[PDB]
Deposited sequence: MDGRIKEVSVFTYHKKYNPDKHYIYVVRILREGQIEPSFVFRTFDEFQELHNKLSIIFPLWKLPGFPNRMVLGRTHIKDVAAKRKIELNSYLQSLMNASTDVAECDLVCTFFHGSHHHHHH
């Protein structure tokens, strides 16, 4: 119930069996202009990079806490991040309008893969 983005969530995730590879999070976005949601695909490192960019331009008191990380607790980490990244996105969009609507946040939400 903000700008053009009205709802965001981490819809699901997939990938990586064994170690080497990585997980991708599906982010579901509902905008005031459309009836159906859009979906983009973002890694944990993309979310952490978005927070790191925001920290360049904003003091941390303006931003949500980021669920920082990346032989671990298996891939219960993927399931854990689905929840934490969703809480991050909700806090971000419920931030002051200067943060929730800034070009860095708008850019993160544009482009399936980019």
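S.K.: Hey, which stretches of the deposited sequence didn't make it into the model?
M.R.: Several stretches lack coordinates - namely 71 to 73, 118 to 121, in sequence order.
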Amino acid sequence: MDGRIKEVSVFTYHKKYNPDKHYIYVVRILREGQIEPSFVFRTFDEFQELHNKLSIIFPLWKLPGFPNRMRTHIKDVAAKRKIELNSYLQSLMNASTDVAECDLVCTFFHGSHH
From here on, numbers count along this sequence of modelled residues.
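Between two forms, the rigid core is the largest collection of C-alphas that superpose within 1.5 Å.
S.K.: Do the Cα atoms of 45 to 53 or those of 78 to 86 sit farther, on average, from the shown form in 4 other deposited structures of this protein after fitting on the core?
M.R.: Higher root mean square deviation of C-alphas in 4 other deposited structures of this protein is shown by 78 to 86.
S.K.: Relative to the presented form, and with the rigid core used for superposition, do the C-alpha atoms of 55 to 63 or of 30 to 38 deviate more in 4 other deposited structures of this protein?
M.R.: Between the two stretches, 30 to 38 moves farther in 4 other deposited structures of this protein.
S.K.: Is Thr72 unresolved, in the sense of carrying no coordinates, in at least a third of the other compared entries?
M.R.: In at least a third of the comparable entries (those modelling both sides of it), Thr72 has no coordinates.
S.K.: With respect to the recorded C-alpha B factors, which stretch has the higher mean value, 1 to 9 or 104 to 112?
M.R.: Between 1 to 9 and 104 to 112, it is 1 to 9.
S.K.: Do the CA atoms of 88 to 96 or those of 16 to 24 have the higher mean B-factor in the entry?
M.R.: Comparing averages over the C-alpha atoms only gives 16 to 24.
S.K.: Which of these, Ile29, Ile35, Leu63, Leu50, has its C-alpha atom at the highest B-factor, as the entry lists it?
M.R.: It is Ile35.
S.K.: Can you tell me which of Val40, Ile83, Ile57, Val77 has the highest Cα temperature factor in the record?
M.R.: Of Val40, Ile83, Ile57, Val77, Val77 has the highest C-alpha B-factor.
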